[PDB]
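Fold and geometry: a report
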Amino acid sequence: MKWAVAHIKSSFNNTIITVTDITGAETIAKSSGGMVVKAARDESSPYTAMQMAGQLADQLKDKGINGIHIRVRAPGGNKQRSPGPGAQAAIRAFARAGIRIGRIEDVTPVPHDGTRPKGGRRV
RNA sequence: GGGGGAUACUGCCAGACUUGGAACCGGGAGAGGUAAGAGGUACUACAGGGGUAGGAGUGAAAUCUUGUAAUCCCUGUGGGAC
Ligand SMILES: [Mg+2]
């Protein structure tokens, strides 16, 4: 019974995923949108997220881990705040890969009043 | 310009009257003001540990950034705004 935690940085342009142990100071598997898929336009797709979850599940099985919690985050703060579409797709692809999922937490770093939000309002 | 009559009216004279404003007390309300301090989270700087082919961004791209190990993750120490 080995427990791991997968970090999913889901954006509107990418959904990088890295898998660590409980302490988090050691990583096991990692794969971003462009790590396996060669199109930047399709790096944030749910199909790319399921491909990343599948290609991480076999490495997790090789390392000896069958269950991972999910710590999903958006960029957060002075950028995009809500989680992207790749989070639920990655977690469902992990659950369909055989890897059990327990707790899933949305841990996007939320600022109360952080630095100045870069934006153009209408543009 | 100057005389007589009137006293409502307004201006003059001396009080008063409490409603108008002014002053004080009571339990409450308020992102009211200055002064001081602490705090919240995020960000960021460097350093350390893990890990290894891209991260960022776009309508799509490229500059930019990354093999001097970035992205992501963990630890720690400072930073200024908010
Ligand atoms: Mg403009």
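- What the deposited record gives as its method is cryo-EM, and the resolution it gives is 2.92 Å.

- Chain A appears in the PDB entry as Small ribosomal subunit protein uS11 from Methanosarcina acetivorans.
- Per the PDB record, the entry is named "Cryo-EM structure of Methanosarcina acetivorans 70S ribosome".
- A UniProt comment under Subunit is attached to chain A, and it reads "Part of the 30S ribosomal subunit."
- As recorded by UniProt, the Sequence similarities comment attached to chain A reads in full: "Belongs to the universal ribosomal protein uS11 family."

1. Structural notes on the sheet that holds strand β2 (residues 15–20)
- Taken in spatial order, the 5 strands make up an open sheet running β3-β2-β1-β4-β5, and their pairing is mixed. With one partner strand each, in any of the chains shown, β3 (27–31) and β5 (100–106) form the two edges of the open sheet. Taken pair by pair, the neighbouring strands of this sheet meet at an average axis angle of 20 degrees, ignoring direction.
- Bridge count for strand β4 (residues 67–73) against β5 is 5 bridges, and the pairing is parallel. In the sheet register, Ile70 faces β5, and the bridge partner there is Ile104.

What counts as what
Residues numbered from 1 in each chain as written, not as in the entry; some residues may be left out. Chains lettered and ligands numbered in written order. Part of a larger assembly, values for the part shown. Heavy atoms only, no water. UniProt positions renumbered as here; feature names shortened; annotations may be inferred. Pairing = 2+ DSSP bridges. Helix = DSSP H or I, 4+ residues; strand = E, 2+ residues; numbered from the N terminus. Axes fitted to C-alpha atoms, helices over the stretch in contact; angles between N-to-C directions.

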